[PDB]
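Labels below follow one simple rule: chain letters A, B, ... track the order of the sequence lines, proteins then strands, and each chain is numbered from 1. Quick note: numbers below take in every heavy atom, side chains included, and nothing from hydrogens, waters or symmetry partners.
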Amino acid sequence: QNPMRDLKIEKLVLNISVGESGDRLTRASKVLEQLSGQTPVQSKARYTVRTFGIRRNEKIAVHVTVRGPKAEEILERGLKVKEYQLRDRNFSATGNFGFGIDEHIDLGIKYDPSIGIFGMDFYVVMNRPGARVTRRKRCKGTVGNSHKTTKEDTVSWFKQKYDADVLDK
Amino acid sequence: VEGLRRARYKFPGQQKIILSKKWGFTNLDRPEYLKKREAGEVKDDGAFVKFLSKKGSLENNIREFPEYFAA
Amino acid sequence: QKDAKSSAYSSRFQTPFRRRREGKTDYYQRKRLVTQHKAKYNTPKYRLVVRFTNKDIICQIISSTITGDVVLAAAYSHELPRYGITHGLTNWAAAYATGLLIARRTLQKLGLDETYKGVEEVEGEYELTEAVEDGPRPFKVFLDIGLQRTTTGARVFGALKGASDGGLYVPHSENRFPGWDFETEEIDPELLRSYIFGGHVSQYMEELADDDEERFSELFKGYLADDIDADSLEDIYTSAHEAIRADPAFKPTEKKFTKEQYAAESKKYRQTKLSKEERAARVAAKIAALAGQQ
Amino acid sequence: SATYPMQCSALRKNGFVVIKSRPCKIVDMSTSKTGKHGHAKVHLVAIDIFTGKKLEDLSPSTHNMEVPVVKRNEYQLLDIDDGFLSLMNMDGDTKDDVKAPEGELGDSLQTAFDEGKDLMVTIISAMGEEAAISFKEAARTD
Amino acid sequence: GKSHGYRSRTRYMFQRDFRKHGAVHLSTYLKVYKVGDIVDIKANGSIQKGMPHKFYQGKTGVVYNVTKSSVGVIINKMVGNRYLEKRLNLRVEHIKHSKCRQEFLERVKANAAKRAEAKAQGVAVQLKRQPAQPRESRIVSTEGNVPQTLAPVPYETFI
RNA sequence: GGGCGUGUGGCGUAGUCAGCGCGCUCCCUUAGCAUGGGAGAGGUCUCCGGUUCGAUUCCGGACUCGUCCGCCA
RNA sequence: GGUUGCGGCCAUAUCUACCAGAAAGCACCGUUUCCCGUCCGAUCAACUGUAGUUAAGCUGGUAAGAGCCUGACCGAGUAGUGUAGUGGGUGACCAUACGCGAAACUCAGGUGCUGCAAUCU
RNA sequence: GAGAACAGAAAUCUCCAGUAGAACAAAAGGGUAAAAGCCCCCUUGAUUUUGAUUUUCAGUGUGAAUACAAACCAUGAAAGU
RNA sequence: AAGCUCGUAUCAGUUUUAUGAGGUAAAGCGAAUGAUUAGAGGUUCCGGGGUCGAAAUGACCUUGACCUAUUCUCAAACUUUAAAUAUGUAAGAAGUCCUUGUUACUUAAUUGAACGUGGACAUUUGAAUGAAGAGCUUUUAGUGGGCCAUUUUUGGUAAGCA
């Protein structure tokens, strides 16, 4: 039935794609670092694209992963930025959901003229207890079908907790 | 037979015109196909026909081919 | 509709080995362990297999035959209450005591125990069981840590240290023991001795009992139930060590029942297969049910 | 090695050859049969890259001719003083050993450096002697 | 030009097989070879070290040397009009014991057992093998087996 | 018949797995002696596939010209 | 007979969808002082066995299940092939004699066995 | 395949499926999934001394390769390599 | 050609038995790779053409892709399967079994490895057939343009062609 079927936030990953290396990358990394409380990780570019202007391996994006109640707090701040309204398209078939926001001023960092303005992509990964079965090195296994997270369960949880409503489209 | 006999002149070598004992382009005989199609265990396709087998899952064998199980 | 595998895929699929499918054996490591120099013809190669489950430490001495692996002697951590250790059956010192127990047990049953007494007075120094002259060589054994991560401070090396001080000749270097400084390539013996005698749990016991008492009631509850304070665990490790060096003889349990007595209940509880005729009756009833126009 | 052999028929137009121990660049190749029975002979007309002289040669086609290694390298000017260019390599290396060009290329380069463009110089190496052949201007990275 | 390399024409010979690729099982490493054993040679394409040449695939030889990870085997190779002796150093993944030899040794020990037990009576042991003799007289009955008459079948198209 | 080279804006050429030059058309500018600058408008890179992060670029095929040969009987 | 540790053969063991699991054991699970490693104690490291749970892992069962394995006088002595003839046929090719002998197909059955040590109502 | 501001066919992040349909300098063919692939750490065994063996083969040479012996090293907890 | 050492064997262009190895012939494509014919059912934030539509990530047909279940035909440089003919080894006395000597190798260890001492097993001594003697050495001639037939097979339209 429901002894330990309770959904929880596995992680919150915050992604910023400035698109080109340098001062803008460092400023976005500083914004991510002060928001998370952790140092962020920059991610290299896989392939050279002329239209974007990117070459291979210039650390073109910066992202951070936060777990636990701190991640829950930043998700609360993101949802009150989004006014607790999310599209049905935002949720995925696996049960994970994300949204994208513009500027950290709405998050309330306040503005420095040097640092500029950078928007963010918030993504929440949802799992039940017992997810260690896939992650552990010894006796790695696949999770059973009933215990899997799904879109209907995650939208029901998102309606019940955070007292939010989903948009029909 | 006359159409195949006219077509045989365009070919080298020797060819024979044989009236087959099968029903159409299938591989069963005429009375075998007749006693198969009186039951509902054949079901038509675009030009060919799909046949029932005693293997497989019963749910799929009942959503297809309903008249034979309507016994 | 999405998670569907074709018959071609399932026909061309090659399964791995069963232990690899279960995720319990690294065969790349197993080949390098159990193979022998072919000029040593039928000489067995012996593995100290150390495995860590929850609530247990498993130590075995295992050689390999074609029909399967063969165990000389095994020593688990749940038989440490016989030697006086009741709490912390998976800590680093429990791994040490289990290694010491399996070492003393193997040298006793091989008869190599009156010689090669091992490290009687332990101090945390790094040394190996050297060969005594004009006599037999010490028993040589190699670790099998399995899929477990090699890490400075891991308790597979505590099991190694216990087995090495027990008198086994196990080849090892000292750079994975706790207390190994990385920048100065030397081993600190007093921290390793503190870990052998449980210093890392007793120091935590003190530094958590002085401030946070609800945690001190949540964990270490059995220590209060058996009135074990912080300083006495050192001497109960010492008494456990001398009890092991007294008798590792391994009296087994009395099993409370017989094999067929357990087998009767478990055979009653296990589910059985459905035969061909009743399967045919089942599918005939199903045809008469759904396809019989309800 | 500095130079490597090749066959006359393997040679083709706009390639480098060694004629009378000079690095030369071919402008003309022509093969004519010696006698009806015999093999064709290759006539080669080439221009020395450094001096600009015209040197020709005729050989058997199966004969092997010497071929230099020519490397063209890209540098930025620092100064033109006393007829010796000072250049600057990628990773910041600097050479002053190159003598300035003496012709209309040198005159145009001198006027361009006097009126202050950023000039990109191509210098070639072949058989241990060094010279500058052409200059452009950097359209970006001003 | 022509091409005769060391592993020329070895495509299907050194393919692995269907659905038994991957690492090799531990019985080949746990098997024990002694000097004088008779072994079959079949190369394993997964192991590139200690490989035999394509001539010795399916050849049977005698062990003369045992080293750390390999075995020295003696083969007789027909060169011209005589056989030459060839010594091969092969890793143990490419060899296995010949089963005909152990069958013959089983025949030797059972044969010695028969001779030993029948020596106590002297009953003309007859220890040599004999081939398939012609089958002797018998009486076949028709009780429930009356003969059925068969005839050739006429011709039909059957398409 | 075969071989070799060839084909990229109006024109002319380049090359790294569409550029500039010269023209042009506009806008400025300049006593000039001379003009200069900025912008444009400009291309199935011969073509078609495949290859490749990506093809001018690599490869397969085809086409267009230009060339050189086709002997001794 | 169940479970664990180490295995042998490496699908009769895999895959898909459901159902069940007494006891014990595994497992999920609780914690970050210490050793250690991460952007992130998620993995890894360490501590407790305490706060809990069979929901998952795992094991077993079900399915005219997919796959896989075995057998057949099922196809079929068919296809192919070694030897022979001053056999047939313009040829292409084909019969016969003495021998060897498939694969697909069809049908029937099956769905892990087992070694060492420990432990269990 | 399903998602996430700018961000779209292709930028980065997340999950699921995935027997290799990728990659391993190059031609092609083999081989490889807790790897032989990708990333990281440490190194110089791409070292010394001469023998034996395999292929081509006259059982000559050359090239390439295989398994050892005697040292001296690298790496790892170690078996080993 | 000269022989030499021996006297029925440490033989054999052969079969049988036991045991290997192979990827051709055949077969297969509702099995992987590649080629390929025809409809059927679906997918359009997810195609293109028309017609109806103010337009519409509109509608209705049609045509292309992709998926699903089928269907027709193929492969020297494709393959799950897989012959026939050829092909490796063994069928003992230089063997088997018992006991215990050596070593500087090897093992935790008289543990094992190799070679041994002493003892037991003989004419059905280890399948068939035949043996015409078996084994060994030296020296030297000529030759080093070939061609034809059956079967397999390559280039070529073919050839008394290559």
Side-chain angles (χ1 to χ4, degrees), chain C residues 27-28 30-45 64-67, chain E residues 1-112 127-132:
Chain C
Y27 275 102
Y28 190 91
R30 176 167 176 81
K31 182 252 159 186
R32 269 79 168 165
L33 293 174
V34 305
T35 194
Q36 187 65 78
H37 199 295
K38 299 289 94 176
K40 324 191 209 289
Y41 281 73
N42 191 359
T43 290
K45 235 184 183 185
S64 297
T65 67
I66 309 170
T67 187
Chain E
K2 295 287 189 178
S3 174
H4 325 275
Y6 196 81
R7 288 189 43 173
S8 66
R9 317 158 186 175
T10 54
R11 171 171 178 170
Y12 305 105
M13 168 175 287
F14 291 162
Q15 292 179 356
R16 202 73 151 82
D17 61 357
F18 192 53
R19 294 210 338 260
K20 314 164 169 313
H21 291 250
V24 296
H25 50 87
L26 277 296
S27 287
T28 76
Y29 297 116
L30 285 175
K31 275 169 73 176
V32 174
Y33 303 98
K34 303 215 299 186
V35 162
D37 289 332
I38 297 169
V39 285
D40 293 338
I41 286 164
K42 180 203 180 74
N44 200 304
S46 172
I47 309 301
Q48 284 86 33
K49 270 185 158 60
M51 281 215 68
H53 192 255
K54 67 175 147 188
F55 176 78
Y56 304 98
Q57 171 89 352
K59 252 60 170 195
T60 302
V62 170
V63 177
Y64 83 102
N65 182 44
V66 177
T67 177
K68 168 173 74 54
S69 78
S70 298
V71 175
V73 186
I74 295 179
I75 316 293
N76 292 326
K77 179 165 184 193
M78 188 171 58
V79 184
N81 66 325
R82 75 281 191 191
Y83 292 95
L84 291 202
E85 191 145 300
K86 311 292 272 165
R87 304 179 183 266
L88 287 79
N89 312 294
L90 313 169
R91 284 189 183 264
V92 303
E93 296 96 319
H94 317 277
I95 62 170
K96 53 162 153 56
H97 294 89
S98 180
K99 207 157 81 177
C100 58
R101 197 44 198 188
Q102 73 74 60
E103 190 276 331
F104 160 69
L105 299 194
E106 182 65 26
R107 190 163 65 85
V108 167
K109 67 182 303 305
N111 200 8
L127 295 175
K128 288 187 181 184
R129 289 174 304 169
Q130 296 294 321

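The CD atom of E:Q15 lies 7.5 Å from the NE2 atom of E:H21; values are rounded to the nearest 0.5 Å. In this structure, E:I38 CD1 and E:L105 CG are separated by 8.0 Å, a value rounded to the nearest 0.5 Å. For the atom pair E:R9 CZ and E:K54 NZ, the distance stands at 5.0 Å (nearest 0.5 Å). Distance check, rounded to the nearest 0.5 Å: CZ of E:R7 to CE of E:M51 gives 5.0 Å. In this structure, the separation between NZ on C:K31 and OG1 on E:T28 is 9.0 Å, given to the nearest 0.5 Å. Considering NZ of E:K109 and CZ of E:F104, their distance stands at 13.0 Å, rounded to 0.5 Å.
The only member of E:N65, E:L88, E:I41, E:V63 that meets side-chain contact (heavy atoms from CB on, under 4.5 Å) when paired with E:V71 is E:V63.
For the side-chain contact (heavy atoms from CB on, under 4.5 Å) test, residues two or more places apart in sequence or in another chain that qualify with C:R30 are C:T25, C:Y27, C:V34, C:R47, C:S64, C:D69, E:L26. Judged as a side-chain contact (heavy atoms from CB on, under 4.5 Å), and not counting sequence neighbours, the contacts of E:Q102 are E:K99.
More than 12 heavy-atom neighbours from other residues, nucleotides or ligands sit within 6.0 angstrom of NZ on E:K31.
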(request) Under the side-chain contact (heavy atoms from CB on, under 4.5 Å) rule, what do E:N44 and E:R16 come out as? Steps first, then yes or no, please. (result) CA-CA 7 Å; E:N44 200 304; E:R16 202 73 151 82; 3.4 Å; yes
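The stretch residues 71-98 of chain E participates, sequence neighbours left out, in these salt bridge (charged side-chain N to carboxylate O under 4.0 Å, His left out) pairs: E:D40-E:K96, E:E85-E:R87. Sequence neighbours left out, the pairs with a member in residues 25-50 of chain E that pass ring-ring contact (aromatic ring centres under 6.0 Å, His included) are E:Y33-E:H97. Here side chain to side chain donor-acceptor pair (under 3.5 Å) pairs that include residues 35-44 of chain C, with residues two or more places apart or in two chains, number zero. Applying the ring-ring contact (aromatic ring centres under 6.0 Å, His included) rule to pairs touching residues 34-77 of chain E yields E:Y6-E:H53, sequence neighbours excluded.
Closest of all the heavy-atom pairs between E:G36 and E:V62 is CA-CG1, 4.1 Å. In this structure, E:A43 and E:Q57 approach most closely via the heavy-atom pair N-OE1, 3.0 Å. When all heavy atoms are compared, the tightest approach of E:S8 to E:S3 is CB-O, 4.3 Å. E:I75 approaches E:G61 most closely through the heavy-atom pair CD1-CA, 3.7 Å. Across every non-hydrogen atom of E:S27 and C:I66, the tightest pair is OG-CG2, 3.5 Å.
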